[PDB]
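Please read the structure below before turning to the comments.
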Amino acid sequence: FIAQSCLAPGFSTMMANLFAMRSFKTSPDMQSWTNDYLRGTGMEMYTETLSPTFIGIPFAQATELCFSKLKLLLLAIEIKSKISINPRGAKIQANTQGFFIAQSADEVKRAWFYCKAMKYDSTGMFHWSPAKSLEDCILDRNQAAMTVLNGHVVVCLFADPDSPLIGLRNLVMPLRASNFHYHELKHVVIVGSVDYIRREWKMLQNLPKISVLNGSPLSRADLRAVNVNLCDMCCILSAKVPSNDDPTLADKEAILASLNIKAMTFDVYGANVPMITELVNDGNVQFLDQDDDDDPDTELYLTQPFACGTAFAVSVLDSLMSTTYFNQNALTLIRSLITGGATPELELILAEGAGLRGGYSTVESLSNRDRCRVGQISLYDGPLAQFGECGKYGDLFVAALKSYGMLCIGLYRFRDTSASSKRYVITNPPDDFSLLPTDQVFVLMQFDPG
Amino acid sequence: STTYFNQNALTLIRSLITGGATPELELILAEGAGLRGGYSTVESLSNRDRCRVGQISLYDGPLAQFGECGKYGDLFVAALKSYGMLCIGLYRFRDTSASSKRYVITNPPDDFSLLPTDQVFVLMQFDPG
Amino acid sequence: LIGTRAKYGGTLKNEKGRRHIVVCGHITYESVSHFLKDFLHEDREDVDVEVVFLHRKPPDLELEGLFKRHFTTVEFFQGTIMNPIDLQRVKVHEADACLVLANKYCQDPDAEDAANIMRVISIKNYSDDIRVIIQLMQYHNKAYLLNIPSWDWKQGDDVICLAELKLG
Ligand SMILES: [Ca+2]
Ligand SMILES: [Ca+2]
Ligand SMILES: [Mg+2]
């Protein structure tokens, strides 16, 4: 979830809310942005069999029809099996299982009855490197300064040399998927103790563009040496074991690091640095932001830092027990959407113990790179910019789908439009939703060779 | 209690015992690069002209004649006008008839009787050269 | 089941016009008595300021008697700074300043400083415009407080570092 947030800020909040059963009730005695956000939280994930009327037409025509006529968002289908997310040129077959986003399971019933009346790995889904050593990636303050890091990803890691191992491999591989061109890859800089990173370097040898800096993320000198003001996303991760002395003291380093960066100034604003922080305790989310009213009994998904995508916790993933039990394909869709694609063959290769194994590029492997990916677009400029001038969400969805084959999932809109540079997440707004020139759209973008 | 009733009170203490720690020195040290030097210029050398804490003895010198059963007030005025020294207190032998132990008297009255063996806490100006 | 009691509670409600401060952190018998003797002294200029204590532990018999002897000036409430509910009870947003007392005789000064710093974060989270005076055991932990966006020495925020002052 954190890795996907680097490619599209606020994506973790949208994914977390899509798999938690929430009933949405409108309330007038609250802010408009709060009402819009709560409408998105009511959207969940459902599976339904497509009507026989959909047989023959491609996916692009099928999902457009559901959005307009049926008011349902179709993003993935099951092909005889495999799950494909927004496939282009994929004709709908008989008894095809469709994946929908809707308020409740009653809404998706309308989709059943309806009529007229070595450069890569072995699987070829991740970029590969010839097993670079750790010492070749360790950077010092003097040599990290001369290196120009623009649009990179900074991983702030708090970990003792004997801290339990965390899956830093699970954070880098989604950023190293073959669906991204090599020139568009994002450099990864890990700020932390190499005595801990050394234990986890075995799984990171074959991943390109990884940098290591010995130090502490709480130090302003280290942060300035990696250009935190120019990074695309800053991740504050803590691998230290909680002392259990006090729950409010479990996230001292994580909160301090967030506040430290937020107050930094550069020769430009520390508050403009995009950060996402994972919290050991749910109750510590109150200290992440200052311009809000904190209530200890409020649910985590209702808090402002979570709604803006700057906070995360493992306590939002309990509902995956119920989601997986009622539908195994639901869990497969999530894994194929956040891990960059992890086929069951990749499971056995990694379980052997030899690490990631590369493979020679051939005709069958290069076809695997043609799949949709998670990204964000802005209505500031471009052919789609004219929809931001007080346009409609439905108009933008249809035009983007037909031209560029883009599927709009939600909006990432400024909290206040009259200020603070804070944006919240709206999941699946109605087709009559009014757009703004400053709005950002979560999209599923096809792979363009070249 | 001292800081709450007056913030300037704490500032005076810090500027008196730390040798002078301006708020700019706080941010430089908090970065993590340690103490950073600077090239001497005209504006920097003017900062060296400030009072410092020291002790003087009435054993010898121009001020020694005040120790011969003199008055504290007389010593305070003469030292202030001549050398610009501010007398805060005395550091006097516990017994004068022994042990080489001296106690602290803070702000004695102007009629206090001095002794030739007394030491004076003073604030001494900076003398270039 | 029967061996339980909730003695202290309720919100601070008084008249308008007077001013009060909140004291938290290390609240013991000698921590309060030493503080109250210096705070309420004859030599100090006579100003009517109320002292409010907020600690998560119930005071013992000796501490309760001390509060009784200062009934018209000192009040005690049971709670923690980290809880926003308890902050509203003692009316932090209207207090002049919040004083955080440190445990000088602590086995781990690093642990004590970290807990005290988190209290300032909680106080500043509730209200950005509040004076905070805190004792810090070590000087290198002063950098964390200065990095807080709401910390401002020009507005009355002060750090009294015992290590810096003692060796000074
Ligand atoms: Ca719902
Ligand atoms: Ca808050
Ligand atoms: Mg939901």
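Tabulated data for the structure shown
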| item | result |
| --- | --- |
| Relative frequency of Cα-Cα separations exceeding 21 Å in region A:330-411, percent | 52 percent |
| Value of [θ]222 nm, deg cm²/dmol, for the protein assembly as shown, DSSP H segments ≥ 4, -39500 (n - 2.57) each, nearest 500 | -7500 deg cm²/dmol |
| Ranked packing of A:320-332, B:80-92, C:4-16, most packed first, by mean Cβ within 10 Å | B:80-92, A:320-332, C:4-16 |
| Cα centroid separation - region C:96-168 against region C:34-60, whole Å | 19 Å |
| Region B:41-73 and region A:355-414: distance between their alpha carbon centers, rounded to Å | 78 Å |
| Ordering of B:27-34, A:309-316, B:41-48, B:102-109 by burial proxy (mean other Cβ atoms within 10 Å per residue, highest first) | A:309-316, B:27-34, B:102-109, B:41-48 |
| A:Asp416-B:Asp127 FRET efficiency (beta carbon distance; Förster radius 56 Å; 0.05 resolution) | 0.40 |
| Neighbourhood net charge (12 Å Cβ-Cβ; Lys/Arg +1, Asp/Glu -1) for B:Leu16 | +3 |
| Under 16 Å from the A:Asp246 label point (7 Å along Cα→beta-carbon), backbone N, region C:15-47 | C:23-28 |
| For residues of C:143-155, the mean tally of beta carbons on other chains within 10 Å | 5 |
| Within straight-line cross-link reach of A:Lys91, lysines at Cα separation under 26 Å, skipping those fewer than 8 residues along the same chain | A:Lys69, A:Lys71, A:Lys80, A:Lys82, A:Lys109, A:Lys116, A:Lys402 |
| Kirkwood estimate for region A:120-248, i.e. one over the average of 1/r between Cα atoms, Å | 15.4 Å |
| Net charge dipole size for chain C [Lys, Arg +1 and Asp, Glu -1 on Cβ; Debye, nearest 20] | 540 debye |
| Using a Förster distance of 25 Å, the FRET efficiency for B:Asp111-B:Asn8 (Cβ separation, nearest 0.05) | 0.20 |
| Solution diffusion estimate, µm²/s, Stokes-Einstein, chain B, Kirkwood Rh from C-alpha pairs, 25 °C, viscosity 0.890 mPa s | 139 µm²/s |
| Where a label projected 7 Å from the Cα of B:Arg36 along Cα→Cβ would reach, residues of region A:236-270 with amide N under 12 Å | A:267 |
| Nearest-20 debye value, the protein assembly as shown charge dipole, Cβ charges on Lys, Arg, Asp, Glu | 1860 debye |
| Filtered GluC sites (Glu not before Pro), region C:20-85: DSSP coil and at most 15 other beta carbons within 10 Å | C:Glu42, C:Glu45 |
| Within region C:15-48: backbone nitrogen closer than 17 Å to the C:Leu162 label point (7 Å, Cα to C-beta) | C:24-36 |
| Counted charge near C:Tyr105, where neighbours are those whose Cβ lies closer than 12 Å (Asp, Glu -1; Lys, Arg +1) | -2 |
| Where N is the number of residues in the protein assembly as shown, Cα Rg divided by 2.2 N^0.38 Å | 1.23 |
| Net charge dipole size for region A:44-95 [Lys, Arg +1 and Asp, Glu -1 on Cβ; Debye, nearest 20] | 180 debye |
| Sites C:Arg56 and A:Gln328 - FRET efficiency at Förster radius 51 Å, r taken between beta-carbons, to 0.05 | 0.60 |
| Between region B:87-113 and region A:257-319, the alpha-carbon center distance in angstrom | 61 Å |
| Top positive-direction residue, dipole computed over the protein assembly as shown with Cβ charges, set A:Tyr301, C:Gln78, A:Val241 | A:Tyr301 |
| Global form of region A:300-450, assessed from the alpha-carbon gyration tensor, a/c cut-off 1.5 | oblate |
| Residue-count net charge about C:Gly79 - beta-carbon cut-off 13 Å; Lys, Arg +1, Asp, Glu -1 | +4 |
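So basically every Cβ, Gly included, is an ideal-geometry build from the backbone, and we count neighbours across all protein chains shown. Read-outs throughout are calculated quantities, based only on the coordinates presented, and are distinct from any laboratory measurement.
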